[PDB]
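Taking it in order: structure first as structure tokens, then the write-up.
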Protein chains: 2
Amino acid sequence: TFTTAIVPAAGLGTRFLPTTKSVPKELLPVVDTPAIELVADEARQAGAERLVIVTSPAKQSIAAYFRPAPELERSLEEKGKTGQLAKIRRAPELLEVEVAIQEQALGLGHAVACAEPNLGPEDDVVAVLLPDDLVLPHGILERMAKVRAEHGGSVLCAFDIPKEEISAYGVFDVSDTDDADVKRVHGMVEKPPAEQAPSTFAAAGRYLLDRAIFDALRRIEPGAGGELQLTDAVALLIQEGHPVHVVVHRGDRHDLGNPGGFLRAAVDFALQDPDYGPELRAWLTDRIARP
Amino acid sequence: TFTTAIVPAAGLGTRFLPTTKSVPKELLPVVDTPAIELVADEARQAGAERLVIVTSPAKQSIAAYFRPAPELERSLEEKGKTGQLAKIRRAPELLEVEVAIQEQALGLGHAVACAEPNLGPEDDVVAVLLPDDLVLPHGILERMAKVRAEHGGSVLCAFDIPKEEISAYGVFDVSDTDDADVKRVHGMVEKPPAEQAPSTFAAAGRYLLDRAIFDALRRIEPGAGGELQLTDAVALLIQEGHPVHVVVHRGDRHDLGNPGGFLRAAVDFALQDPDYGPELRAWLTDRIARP
Ligand SMILES: O=c1ccn([C@@H]2O[C@H](COP(=O)(O)OP(=O)(O)O)[C@@H](O)[C@H]2O)c(=O)[nH]1
Ligand SMILES: O=c1ccn([C@@H]2O[C@H](COP(=O)(O)OP(=O)(O)O)[C@@H](O)[C@H]2O)c(=O)[nH]1
Ligand code: NA
């Protein structure tokens, strides 16, 4: 049981210039649907009632997407576009949405800290979903919530990636529990060489964090500019005997962080859509047989 | 010889809801570059010195895209990201851009009519580029200008589409000239059944229009709700003996009007981009051979 999910959405998306000069990265469509909607939908399916979106001053339009649009709805109703009407009603009815402002892009720990004013006394634990990761099928947070129910404390997420390929990620130092997909976390190493990787478990952008994380984020050594390393806040909770576990995702994943990975997501989803799939698959079938 | 290009961009992209509730269709990226920049570049490559973008009040932001971004530019300089800096300076430096408002989306003829106040004393001919078409590899307007230099009057654009796939388009009733890719236009049929199509030449969204089109757009019978169609204006000029020719494009084209056509564009470009091609091709080889 968490009721509040936090989405850190305050980057620029340099890798998507020049589009992200004018469009927030999180509003970019996967086929026809903004990435932020796909992440809100995952959060709702795992039981979120509220979504706190952390954004920069210039990207406040992310949240405006989740507000009703009576005029557009009326216009669409008047033209009998009932299918398109349902699509625009979906995000505003998923859950309650609020914005927290991160004044400057000081990193992920700082972003999470910026959400604390939006929490209530009922928020003993909060979900955190990074919008550049899609984790499929939906439900990693449900597996994580079961871990929290049995062990208390905080829960993280990993992908299983061979050591030869993991050096770009944070890698957990782990030991076994009674469940093979659930590991006790002793720590994390940033970007180990293959030979020094403590495991094949690479950190993924899903979190179920005890409310104690906020106090840990205030107690850690800030960075040069005021960057608060979420990883250091987790290490502090560990040192103070807070239970931290990880669930290993065994499904598919997509990385919306660069245009290449984004395009893979979009093709993957379009090919399953009966409106787009057949005609795109036939086109692709010929396109890739030629230069 | 034209210096002004008009881009009608005032539709809602219904086919891209729910994204187009918040993001103008014409700012959506093809790999990482907004559609509108690709169209602007085609215009500039045909010798346009000015872009008049016709848009709705809701979609004026398509304007800011073409403005300098000082703080963003300085940030990239400071980080030494010379290649990304060039990406964001490309659009503002392509050509002069201005905006004309279409208050309500009453059709393409009405949209073109909205750009008339932006014309100066030398705009005897104007280019029109529909932003949902890409004409590859090198556009077509330079070829159209040559036709206008030979014959006077106005020039249209067609794709060569088999009769059994042509029924979604306007189809020209034509006769031959000396040049196999230039036809004399006698008329245009809307959405003929295959067996009735007067040719395989489907109307494409490029035009080189004599200034006389604005008077034709004033004299044609408005629609049920005030919809002027460019079609009726062209037919009226033809009736009055205005010469109308069409150039048949034989190269490639993309349709950015729907999510399917848009992804085909993105995959086409990414496969030719060395940053994505080889790996994307293999990904695609596997992906299309499974549901
Ligand atoms: O809510 C957030 C999300 C990210 N970031 C930071 O902003 C950058 C993320 O940029 P993004 O994820 O948009 O990717 P880019 O394309 O800019 O590299 C990194 O420095 C993150 O630490 C942040 O401060 N707040
Ligand atoms: O500048 C323009 C461009 C289009 N339209 C009209 O708007 C509709 C098309 O909208 P759009 O091209 O965005 O496509 P959609 O996704 O809505 O079908 C057609 O009736 C066009 O004639 C318009 O009034 N002004
Ligand atoms: Na560019």
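Chain labels follow the order of the structure tokens: the first chain is A, the next B, and so on; residue numbering restarts at 1 in every chain, and ligands are counted from 1 in their shown order.
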
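A least-squares superposition of chain B onto chain A that uses all C-alpha atoms in sequence order produces an RMSD of 0.7 Å.
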
Which residues of chain B are close to chain A, meaning at most 8 Å apart when you count only C-alpha atoms, and how do they look as an NGL selection string?
-> :B and (14-19 or 21-23 or 27-29 or 31-34 or 61 or 64-65 or 69 or 72 or 84 or 87-88 or 259-260 or 263-264 or 266-268 or 270 or 272 or 276 or 280-281 or 284-285 or 287-288 or 291)

Within 12 Å of residue 212 in chain A using only C-alpha atoms, minus same-chain residues under 2 positions, as JSON, numbers by chain | {"A": [113, 116, 123, 124, 125, 126, 152, 153, 154, 208, 209, 210, 214, 215, 216, 217, 218, 219, 233, 234, 236, 237, 238, 240, 241, 242, 243, 244]}

Take the residues from that selection and put them in a file with N, CA and C atoms, as a CSV table (one decimal), in the first residue's frame.
```
chain,number,residue,atom,x,y,z
A,113,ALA,N,13.3,14.8,-3.2
A,113,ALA,CA,13.2,15.8,-2.1
A,113,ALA,C,12.2,16.9,-2.4
A,116,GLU,N,8.5,16.3,-1.3
A,116,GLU,CA,8.1,16.0,0.1
A,116,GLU,C,7.0,16.9,0.5
A,123,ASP,N,1.3,9.0,3.8
A,123,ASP,CA,2.4,8.5,2.9
A,123,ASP,C,3.6,8.0,3.7
A,124,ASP,N,3.4,6.7,4.2
A,124,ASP,CA,4.5,6.0,4.9
A,124,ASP,C,5.5,5.5,3.9
A,125,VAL,N,5.1,5.3,2.6
A,125,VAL,CA,5.9,4.8,1.6
A,125,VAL,C,5.4,5.5,0.3
A,126,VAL,N,6.3,5.7,-0.7
A,126,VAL,CA,6.0,6.4,-1.9
A,126,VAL,C,6.6,5.6,-3.1
A,152,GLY,N,9.1,-5.0,5.4
A,152,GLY,CA,9.2,-3.6,5.7
A,152,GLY,C,10.2,-2.9,4.9
A,153,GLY,N,10.5,-1.6,5.2
A,153,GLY,CA,11.6,-0.9,4.6
A,153,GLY,C,11.3,-0.5,3.2
A,154,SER,N,12.4,-0.5,2.4
A,154,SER,CA,12.4,0.1,1.0
A,154,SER,C,12.7,-0.9,0.0
A,208,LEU,N,10.2,1.9,-4.4
A,208,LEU,CA,9.2,2.0,-3.3
A,208,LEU,C,10.0,2.3,-2.1
A,209,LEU,N,9.9,3.6,-1.7
A,209,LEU,CA,10.8,4.2,-0.7
A,209,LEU,C,9.9,4.5,0.5
A,210,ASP,N,10.5,4.0,1.7
A,210,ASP,CA,9.9,4.4,2.9
A,210,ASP,C,10.1,5.9,3.1
A,214,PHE,N,13.4,10.7,3.1
A,214,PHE,CA,13.5,12.2,3.0
A,214,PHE,C,14.4,12.7,4.0
A,215,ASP,N,14.4,12.1,5.2
A,215,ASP,CA,15.3,12.5,6.3
A,215,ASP,C,16.8,12.1,5.9
A,216,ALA,N,16.9,10.9,5.2
A,216,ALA,CA,18.3,10.5,4.8
A,216,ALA,C,18.8,11.5,3.8
A,217,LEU,N,18.0,12.0,2.8
A,217,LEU,CA,18.4,12.9,1.8
A,217,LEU,C,18.8,14.2,2.4
A,218,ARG,N,18.3,14.6,3.6
A,218,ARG,CA,18.7,15.8,4.3
A,218,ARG,C,20.0,15.6,5.1
A,219,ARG,N,20.4,14.3,5.4
A,219,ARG,CA,21.5,14.1,6.3
A,219,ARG,C,22.7,13.8,5.4
A,233,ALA,N,21.6,8.4,-0.1
A,233,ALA,CA,20.5,8.3,0.9
A,233,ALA,C,20.1,6.8,1.1
A,234,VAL,N,20.1,6.0,0.1
A,234,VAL,CA,19.8,4.6,0.3
A,234,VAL,C,20.9,3.9,1.1
A,236,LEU,N,22.8,5.3,3.3
A,236,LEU,CA,22.7,5.7,4.7
A,236,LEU,C,21.6,4.9,5.4
A,237,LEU,N,20.5,4.7,4.8
A,237,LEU,CA,19.4,3.9,5.4
A,237,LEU,C,19.9,2.5,5.7
A,238,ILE,N,20.6,1.9,4.8
A,238,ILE,CA,21.2,0.6,4.9
A,238,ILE,C,22.2,0.6,6.2
A,240,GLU,N,22.1,2.3,8.7
A,240,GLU,CA,21.3,2.5,9.9
A,240,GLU,C,20.3,1.4,10.0
A,241,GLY,N,20.5,0.3,9.3
A,241,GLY,CA,19.7,-0.9,9.6
A,241,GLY,C,18.4,-1.0,9.0
A,242,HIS,N,18.0,0.0,8.1
A,242,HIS,CA,16.8,0.0,7.4
A,242,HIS,C,16.8,-1.1,6.3
A,243,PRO,N,15.7,-2.0,6.3
A,243,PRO,CA,15.7,-3.1,5.3
A,243,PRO,C,15.6,-2.5,3.9
A,244,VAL,N,16.4,-2.9,3.0
A,244,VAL,CA,16.4,-2.6,1.6
A,244,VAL,C,16.5,-3.9,0.8
```

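When CA of residue 231 in chain A is paired with CA of residue 188 in chain A, their separation reads 7.5 Å.
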
Spatial neighbours of residue 43 in chain A, max dist 8 Å, only C-alpha atoms, sep filter under 4 positions, as number ranges by chain | A: 5, 39, 47-48, 51, 127, 129, 141

Residues within 10 Å of ligand 1, counting only C-alpha atoms and all ligand atoms: report them as a PDB file with C-alpha atoms, in the first residue's frame.
```
ATOM      1  CA  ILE A   6       6.441  10.547  -7.767  1.00  0.00           C
ATOM      2  CA  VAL A   7       7.621  11.095 -11.336  1.00  0.00           C
ATOM      3  CA  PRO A   8      10.941  13.022 -11.742  1.00  0.00           C
ATOM      4  CA  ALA A   9      10.464  14.832 -15.088  1.00  0.00           C
ATOM      5  CA  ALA A  10      12.758  17.835 -14.766  1.00  0.00           C
ATOM      6  CA  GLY A  11      15.627  16.962 -17.230  1.00  0.00           C
ATOM      7  CA  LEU A  12      16.008  18.823 -20.636  1.00  0.00           C
ATOM      8  CA  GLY A  13      16.405  15.809 -22.836  1.00  0.00           C
ATOM      9  CA  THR A  14      19.586  17.007 -24.547  1.00  0.00           C
ATOM     10  CA  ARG A  15      19.665  13.715 -26.498  1.00  0.00           C
ATOM     11  CA  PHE A  16      16.409  14.852 -28.186  1.00  0.00           C
ATOM     12  CA  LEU A  17      17.486  18.254 -29.367  1.00  0.00           C
ATOM     13  CA  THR A  20      13.202  19.397 -26.697  1.00  0.00           C
ATOM     14  CA  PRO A  24       9.078  18.463 -23.035  1.00  0.00           C
ATOM     15  CA  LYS A  25      10.636  15.063 -23.502  1.00  0.00           C
ATOM     16  CA  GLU A  26       7.874  13.442 -21.411  1.00  0.00           C
ATOM     17  CA  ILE A  53       5.213  15.262 -11.126  1.00  0.00           C
ATOM     18  CA  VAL A  54       8.549  16.972 -10.443  1.00  0.00           C
ATOM     19  CA  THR A  55       9.352  19.404 -13.244  1.00  0.00           C
ATOM     20  CA  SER A  56      11.358  22.570 -14.083  1.00  0.00           C
ATOM     21  CA  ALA A 100       6.375  20.102  -7.654  1.00  0.00           C
ATOM     22  CA  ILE A 101       8.917  22.590  -9.035  1.00  0.00           C
ATOM     23  CA  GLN A 102      12.622  21.724  -9.153  1.00  0.00           C
ATOM     24  CA  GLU A 103      14.165  25.175  -9.673  1.00  0.00           C
ATOM     25  CA  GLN A 104      17.442  23.760 -11.036  1.00  0.00           C
ATOM     26  CA  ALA A 105      18.369  20.320 -12.384  1.00  0.00           C
ATOM     27  CA  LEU A 106      20.351  19.142  -9.329  1.00  0.00           C
ATOM     28  CA  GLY A 107      19.687  15.428  -9.837  1.00  0.00           C
ATOM     29  CA  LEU A 108      17.368  12.629  -8.866  1.00  0.00           C
ATOM     30  CA  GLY A 109      17.747  12.738  -5.063  1.00  0.00           C
ATOM     31  CA  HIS A 110      17.031  16.490  -5.080  1.00  0.00           C
ATOM     32  CA  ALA A 111      14.005  15.965  -7.402  1.00  0.00           C
ATOM     33  CA  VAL A 112      12.530  13.366  -5.011  1.00  0.00           C
ATOM     34  CA  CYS A 114      11.235  18.487  -3.987  1.00  0.00           C
ATOM     35  CA  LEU A 130      11.556   7.396 -13.798  1.00  0.00           C
ATOM     36  CA  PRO A 131       9.752   8.291 -17.069  1.00  0.00           C
ATOM     37  CA  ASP A 132      12.598   7.200 -19.377  1.00  0.00           C
ATOM     38  CA  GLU A 227      23.200  17.533  -5.875  1.00  0.00           C
ATOM     39  CA  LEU A 228      21.776  14.934  -3.439  1.00  0.00           C
ATOM     40  CA  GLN A 229      22.731  11.408  -4.473  1.00  0.00           C
ATOM     41  CA  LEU A 256      13.022   6.366 -23.862  1.00  0.00           C
ATOM     42  CA  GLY A 257      16.213   8.281 -22.970  1.00  0.00           C
ATOM     43  CA  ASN A 258      17.634   8.459 -26.520  1.00  0.00           C
ATOM     44  CA  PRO A 259      15.850   8.629 -29.962  1.00  0.00           C
TER      45      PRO A 259
END
```

Residues flagged strand (DSSP E or B) by DSSP in range 69-172 of chain B, as a PyMOL selection string = chain B and resi 96-101+125-129+133-136+154-160+170-172

Do a neighbour search on range 192-206 of chain B at 10 Å with only C-alpha atoms, toss out local chain neighbours closer than 4 positions, and write the hits as a ChimeraX atom specification.
-> /B:7,127-135,139-141,144,155-175,183,187-188,246-249,253

Step one, run DSSP on the backbone; step two, keep only residues of range 16-138 of chain A assigned to alpha helix (DSSP H); then write them as an MDAnalysis selection string.
-> chainID A and resid 35:45 61:64 70:78 82:94 108:114

Could the residues in this selection be saved with N, CA and C atoms as a compact mmCIF listing (two decimals), in the first residue's frame?
```txt
# COMPACT_ATOMS: atom_id res chain seq x y z
N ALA A 35 4.66 9.70 -23.40
CA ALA A 35 5.38 8.87 -22.42
C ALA A 35 4.88 9.06 -20.98
N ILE A 36 4.59 10.28 -20.54
CA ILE A 36 4.09 10.51 -19.19
C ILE A 36 2.75 9.80 -18.92
N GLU A 37 1.93 9.63 -19.96
CA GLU A 37 0.69 8.89 -19.75
C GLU A 37 0.97 7.41 -19.50
N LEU A 38 1.95 6.84 -20.20
CA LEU A 38 2.24 5.41 -20.05
C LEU A 38 2.73 5.12 -18.62
N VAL A 39 3.56 6.02 -18.12
CA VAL A 39 4.07 5.95 -16.75
C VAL A 39 2.97 6.21 -15.72
N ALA A 40 2.09 7.21 -15.96
CA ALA A 40 0.95 7.39 -15.05
C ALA A 40 0.06 6.14 -15.01
N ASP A 41 -0.16 5.52 -16.15
CA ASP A 41 -0.98 4.33 -16.23
C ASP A 41 -0.37 3.14 -15.43
N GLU A 42 0.95 2.94 -15.54
CA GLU A 42 1.63 1.94 -14.72
C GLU A 42 1.43 2.22 -13.23
N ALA A 43 1.59 3.49 -12.84
CA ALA A 43 1.47 3.85 -11.44
C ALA A 43 0.04 3.56 -10.96
N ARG A 44 -0.98 3.96 -11.73
CA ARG A 44 -2.38 3.71 -11.39
C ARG A 44 -2.67 2.21 -11.26
N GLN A 45 -2.16 1.38 -12.20
CA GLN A 45 -2.41 -0.06 -12.16
C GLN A 45 -1.83 -0.68 -10.88
N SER A 61 3.86 22.46 -18.46
CA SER A 61 2.92 21.87 -19.41
C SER A 61 2.77 20.35 -19.27
N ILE A 62 3.74 19.65 -18.68
CA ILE A 62 3.56 18.23 -18.49
C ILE A 62 2.28 18.00 -17.68
N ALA A 63 2.06 18.80 -16.63
CA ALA A 63 0.96 18.51 -15.73
C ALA A 63 -0.37 18.96 -16.32
N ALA A 64 -0.36 20.08 -17.01
CA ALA A 64 -1.50 20.59 -17.74
C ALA A 64 -2.14 19.53 -18.65
N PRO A 70 -12.48 20.58 -21.57
CA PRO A 70 -13.90 20.54 -21.91
C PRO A 70 -14.19 20.90 -23.37
N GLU A 71 -13.56 21.98 -23.88
CA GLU A 71 -13.78 22.44 -25.24
C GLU A 71 -13.38 21.38 -26.27
N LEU A 72 -12.17 20.82 -26.14
CA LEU A 72 -11.75 19.78 -27.07
C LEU A 72 -12.74 18.61 -27.01
N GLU A 73 -13.13 18.19 -25.78
CA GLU A 73 -14.06 17.08 -25.59
C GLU A 73 -15.38 17.40 -26.30
N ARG A 74 -15.90 18.60 -26.09
CA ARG A 74 -17.17 18.99 -26.69
C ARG A 74 -17.04 18.90 -28.21
N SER A 75 -15.99 19.52 -28.75
CA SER A 75 -15.72 19.48 -30.18
C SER A 75 -15.72 18.05 -30.71
N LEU A 76 -14.98 17.17 -30.05
CA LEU A 76 -14.91 15.79 -30.50
C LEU A 76 -16.29 15.11 -30.42
N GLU A 77 -17.04 15.32 -29.31
CA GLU A 77 -18.37 14.73 -29.13
C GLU A 77 -19.25 15.15 -30.30
N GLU A 78 -19.20 16.44 -30.63
CA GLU A 78 -20.03 17.02 -31.66
C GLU A 78 -19.76 16.40 -33.01
N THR A 82 -15.97 9.24 -30.90
CA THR A 82 -16.11 8.66 -29.58
C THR A 82 -14.82 7.94 -29.18
N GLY A 83 -14.10 7.35 -30.15
CA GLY A 83 -12.85 6.67 -29.85
C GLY A 83 -11.72 7.62 -29.41
N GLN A 84 -11.69 8.80 -30.04
CA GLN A 84 -10.70 9.83 -29.80
C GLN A 84 -11.06 10.55 -28.48
N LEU A 85 -12.36 10.72 -28.20
CA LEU A 85 -12.86 11.27 -26.94
C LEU A 85 -12.44 10.44 -25.73
N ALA A 86 -12.62 9.13 -25.82
CA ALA A 86 -12.12 8.28 -24.76
C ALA A 86 -10.61 8.44 -24.57
N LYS A 87 -9.84 8.56 -25.66
CA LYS A 87 -8.40 8.68 -25.49
C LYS A 87 -8.01 9.93 -24.71
N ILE A 88 -8.65 11.07 -24.97
CA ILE A 88 -8.33 12.31 -24.26
C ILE A 88 -8.91 12.34 -22.86
N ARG A 89 -9.90 11.48 -22.54
CA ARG A 89 -10.43 11.47 -21.19
C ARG A 89 -9.62 10.57 -20.28
N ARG A 90 -8.72 9.79 -20.84
CA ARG A 90 -8.07 8.75 -20.06
C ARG A 90 -7.13 9.35 -19.01
N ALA A 91 -6.19 10.23 -19.40
CA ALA A 91 -5.15 10.68 -18.47
C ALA A 91 -5.76 11.49 -17.33
N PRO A 92 -6.70 12.43 -17.56
CA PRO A 92 -7.28 13.18 -16.45
C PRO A 92 -8.07 12.35 -15.47
N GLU A 93 -8.52 11.17 -15.88
CA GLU A 93 -9.33 10.35 -14.99
C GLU A 93 -8.49 9.24 -14.35
N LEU A 94 -7.20 9.12 -14.70
CA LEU A 94 -6.38 8.07 -14.14
C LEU A 94 -6.25 8.29 -12.64
N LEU A 108 18.54 13.45 -9.10
CA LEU A 108 17.37 12.63 -8.87
C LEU A 108 16.97 12.68 -7.39
N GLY A 109 17.98 12.61 -6.49
CA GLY A 109 17.75 12.74 -5.06
C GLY A 109 17.10 14.07 -4.70
N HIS A 110 17.61 15.16 -5.29
CA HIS A 110 17.03 16.49 -5.08
C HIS A 110 15.59 16.56 -5.62
N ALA A 111 15.35 16.04 -6.83
CA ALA A 111 14.00 15.96 -7.40
C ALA A 111 13.01 15.27 -6.46
N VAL A 112 13.39 14.10 -5.93
CA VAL A 112 12.53 13.37 -5.01
C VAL A 112 12.27 14.22 -3.77
N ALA A 113 13.32 14.84 -3.21
CA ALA A 113 13.18 15.75 -2.08
C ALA A 113 12.16 16.87 -2.38
N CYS A 114 12.13 17.39 -3.63
CA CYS A 114 11.24 18.49 -3.99
C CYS A 114 9.76 18.08 -3.87
```

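Atom to atom, CA of residue 252 in chain B and CA of residue 143 in chain B stand 15.4 Å apart.
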
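Counting from CA of residue 60 in chain B, the distance to CA of residue 207 in chain B is 23.5 Å.
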